[PDB]
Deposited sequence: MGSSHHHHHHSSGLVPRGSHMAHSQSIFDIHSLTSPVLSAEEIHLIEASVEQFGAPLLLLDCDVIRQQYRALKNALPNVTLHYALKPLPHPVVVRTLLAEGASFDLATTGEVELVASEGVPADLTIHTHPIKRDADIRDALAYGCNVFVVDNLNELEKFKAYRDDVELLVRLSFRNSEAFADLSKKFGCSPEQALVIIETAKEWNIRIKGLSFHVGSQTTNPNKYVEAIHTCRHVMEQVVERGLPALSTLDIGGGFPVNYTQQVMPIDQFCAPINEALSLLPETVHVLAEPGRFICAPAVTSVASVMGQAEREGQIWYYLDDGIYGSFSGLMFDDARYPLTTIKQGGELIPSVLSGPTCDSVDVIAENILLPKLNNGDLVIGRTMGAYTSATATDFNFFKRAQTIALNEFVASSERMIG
């Protein structure tokens, strides 16, 4: 269901800006940050720009006291253009060209990630400017083994590169908190091993993103989700500083998509609605994020008919919902997507030269 008031907002917004739209609610950006902040106390929260690098999200979060997690030069430029102080940032891409390192340092970001010795060697030129987080895994793509992590920290001593601590990411939309618990335990044992091996003790644990949000099925409330995480962290020496890199949790619930029916046809028993947004645009996450969004219509009346929701492109792969029960809709009627904030517009293409959903900032 959508409230009468949510319906009014969506409808007003379409009058003024047209369709397709992404309604960004700054109050939910705030609501989500504070909830995570409350759920994970004494963890510094570095918003990952990646899922939604919108300048209004950045301004809204900066004003809340949030920090920031950067992966590229584009993202550095973004934070900089919004006057985010570089001491509030970390750079988390584990594989960087010399220029990527330079671009971030020039701005003032001096925390970086390594998970291999080839990348550690890139830092010999910059050893007086940086402190590194070593990313572990214990999915195939990034992170070194606990054992390799030691090799790297050791070599970083010989080379005089400062190691700030360890990081990991257990995966996006992690619905089981125990994964974090297991990872935190491991990182503790590695941190122990570093110390009585003669090496400089590690000051930081960066526990990543992956905190989950509600899509078509409901997930555990954040307080309950982070409870065993907090208990795991309490075993670390309270001289170890903890960060996180939330993306999805903050941005996902703050965006509602609005698409309109361009046209329609009966095909093999079903009504096909062809929307002005789809898999090459805001629903790109159906392809890249294996996503499934709650979909709704303003129109609720009459019988529900087996339906197909198709995207604007001529492509067959451009189908949003293969089989969905919907009221009979007219050309121009609206289709609403919830939890449309993360890995949606970010992963949009320009295929067919269809225009991208325009993002509207509300309660700014």
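Missing from the model relative to the deposited sequence are positions 1-36, 175-183, 410-419 (no C-alpha coordinates, numbering from 1).
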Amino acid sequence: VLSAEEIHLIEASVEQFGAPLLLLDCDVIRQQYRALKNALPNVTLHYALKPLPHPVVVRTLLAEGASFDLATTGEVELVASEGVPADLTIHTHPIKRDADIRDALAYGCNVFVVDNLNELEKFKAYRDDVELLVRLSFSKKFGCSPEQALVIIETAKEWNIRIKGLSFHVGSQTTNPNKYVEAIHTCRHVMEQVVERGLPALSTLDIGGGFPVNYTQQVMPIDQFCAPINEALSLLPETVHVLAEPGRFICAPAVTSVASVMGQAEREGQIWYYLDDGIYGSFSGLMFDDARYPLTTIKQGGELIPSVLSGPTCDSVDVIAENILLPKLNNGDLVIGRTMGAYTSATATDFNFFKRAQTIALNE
From here on, numbers count along this sequence of modelled residues.
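On average the C-alpha atoms of 188-196 have higher B-factors than those of the other stretch, with 188-196 and 163-171 being the two compared. Averaged over CA atoms, B-factors in the entry run higher in 230-238 than in the other of 230-238 and 260-268. By the numbers in the PDB entry, the CA B factor is greatest at 323 among 323, 331, 339, 310.
Of the candidates 134, 255, 86, 207, it is 86 whose Cα B-factor is highest according to the PDB record. Residue 120: CA B factor in the middle third of modelled residues in this chain (values from the PDB entry). Ranked by C-alpha B-factor against the other modelled residues of its chain, residue 363 falls in the highest third. Sort the modelled residues of the chain by CA B factor and residue 74 lands in the middle third. Ranked within its chain, residue 113 lands in the middle third, by CA B factor from the PDB record.
Residue 317 sits in the highest third of its chain by CA B factor, as recorded in the PDB entry.
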